[PDB]
Structures are given as C-alpha cells and as structure tokens.
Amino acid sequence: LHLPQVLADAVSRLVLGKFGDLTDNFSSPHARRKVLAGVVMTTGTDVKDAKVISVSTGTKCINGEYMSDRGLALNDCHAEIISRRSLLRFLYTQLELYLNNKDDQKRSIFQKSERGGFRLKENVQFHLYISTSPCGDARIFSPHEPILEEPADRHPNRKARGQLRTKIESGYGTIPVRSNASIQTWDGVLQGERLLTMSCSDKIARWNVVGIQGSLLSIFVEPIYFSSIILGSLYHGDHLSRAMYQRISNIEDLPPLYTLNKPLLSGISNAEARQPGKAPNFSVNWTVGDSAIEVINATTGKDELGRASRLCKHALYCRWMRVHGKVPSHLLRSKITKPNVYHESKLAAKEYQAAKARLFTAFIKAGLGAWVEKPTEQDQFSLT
C-alpha cells in the first residue's frame, strides 16, 4: 500500500468485494447497477489495516415534484454522492463511540484536538472509489476509455474546460451554470422549471476545499479530506486533475485548517466493463455497522414504501442533534448559536461557510460560473 497503483487496485477490489457480500454474491436483484462507488479507510500501510466504510450505487437525481420541505428525500443518487453521505453516518457513529466512555476512546478514529473539538487520529485516511468518471468536468469531454494513440486533450484552453456544470432534470448532458444564471425557486421547480443539480466533478472539487464532512459536522470536527480518488473506468488524468482541484488553484484566504486538497488520482490496472442493461432507477447504500443495504428510488428519493432514507437530511440532522447533546459546550469548535432549523444550524459553522464562499468566488473569478443552490425553502425545517 506504499505504492499508488497497489492502493488503487486494492480499494477497487475491496469495494467490489463488499458489494458482493451485501448482494448474495452479486446475484441479488439489487446487484443490478450501472455505477458503483464506495469509501475505504486506511489506518496505516498494511493491506489488512484497510477497511470498507461505505458502498453505493446509482445514476439519477430526484424528480422536482418529489422534493421534501421536511428533508425526508435524497436529492442526488449518483453513487459517489451517496457514498459520501454514508461516510457521514460513520463519522457520527465514531463521535458517539468516543463520547460514550474512556475505554471506547481507543477504538474511535477521533481524538481531542489541541485546537478545540475533535480531529482524526494520525494515519487515518479515506479513499473514494468510483467505477467510472464523475459527471461534469472530469467526464464530459471524453466519456469513453482512454486510447493509447492520442490520449492527451488537444484543446485544453477552451472556455468549456473547467466550467461548473449541472445535471438537468429530464435532459441529457451536463450543462454549464452560465446558461442558467437565474436562481432556482420552489414554486418554479414544482410548476416545471427543470431541477438543476451540480455535477459530481463539481461536488468533489468542493469537498477538496471545504472537506467531506459537511457544515454541521465541522461544528464538532476539523475538516476531513479524501487522500485518494480512484476510478474503475474512464480514467483521464489531465481532465480529472483539472476537475478535482487544478481549475481553482486561484483560490485564496481560506480559513485555517482549510486548504485546496490534492488527493492521489488513479485508475485501476484492469478497468471495469460497461455494465449491461437499462440503468436501474434505484440507489443502494450501506455503511459499515449496518446489517444490510438500503434500497432507494432515485426519482422519489425514498424506498419503495415511501419511507425516508437513513441518509436523508432529516436523518442526518437527527444524528447531529443526538451527538450535540453529548458534547460539552467547551468542546464545540463553534460556540456560535442558532435556532433548531436545519438551515440555521448550518450557519453556525462560520469557518465552513467562509471556505464555501472562497470556493464560489474561486470559480467565478476563474471564469467558471456561479454555483447553483437549491431553493431557500429546502433547508427550512425542524425535527419531529
């Protein structure tokens, strides 16, 4: 695991393996998938120290009509997005773990940080797997395997390169945000405005500035970055590195601990094959500790009986509130105070919100567009 290609091949093997174990060795009906993703944790360089944290599948996003004003629906079921949400549940569990008694502090991946709150114990790293290239910048210009003849991008200084791009409801393509400068509205989307969702290349880039942990968790922990991003197919390195960080090397004035993370980027030795079939309309998820995968309809953002996912906003907020009650005031990384409304609680994470603003400005100043958010009303709910 000291070598990059060995690591890359190992994380693919592990995520795939785990996916098999959870689906009756690849023969369960939920083994059917177009894209697989997961996260792996390494705690030191032995192959045995490596552990699968999460697994997911999916290729689709929510239909506009099914947005939840209560946070009960998954908005984006592209596999790598779901795999991050699944890792958030691990992070919550590992916080609780440390918090429940002194003995358990040995186990937990967190320790107290010398600057407040919590940080990862040294040599704890997470690695992202995607069985293909993330949509947007990393994918759109060469959405096929690389060919040994002319592998290099011939027009790297085109304006299209680096652009922020959106999944577009009912539309193919990943479309520049330039061309939808209007902000999105709740009443608009419901009537038929096509719901825009930032592309996966864009979101990963964002995680390489603001951390993978989100706003809420940053109230308790320091920023966590992916150390590797491994692709099982369609690896183009010049496009991938552009997309994941290099396009915003212009970024500045990040609050302390935040940075422009530049993870290992790799393909695998033997790429995955195009999976046969119509692309399934469900997304599967699993975090370590769960007894099974959870199956979500990507169009409703719910399971087949209309029940909310363990990974929905409301579920995550519920976790954040459990953990909040066990963290003494003096151990909070932010002591700024907000009402118990999901939107408001995220604003307590001042330094995260500031990093986020630096990100949005980096993209604008580089000529790459303005980030496109959900309608204001999405996050305006409380618990119960």
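When you see a residue number, it is the position in the sequence shown, counting from 1.
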## Note on the structure
Comparing mean C-alpha B factor in the record for 45-53 and 29-37, the higher one is 45-53
### Query
Would 100-108 or 131-139 have the larger average of its C-alpha temperature factors, as given in the entry?
100-108
### Query
Which listed residue, 195, 244, 210, 147, has the largest C-alpha temperature factor in the record?
147
#### Entry: Highest recorded Cα temperature factor - choice among 252, 76, 80, 202
252
### Summary
Of the three thirds of Cα B-factor ranks in this chain, residue 368 occupies the lowest
### Message
Test of reading the entry: by CA B factor among the chain's modelled residues, which third contains residue 338?
### Response
middle
### Message
Test of reading the entry: by CA B factor among the chain's modelled residues, which third contains residue 60?
### Response
lowest
### Summary
By the entry's values, the third containing the CA B factor of residue 362 is the lowest
### Query
For residue 188, does the deposited CA B-factor place it in the lowest, middle or highest third of the chain?
lowest
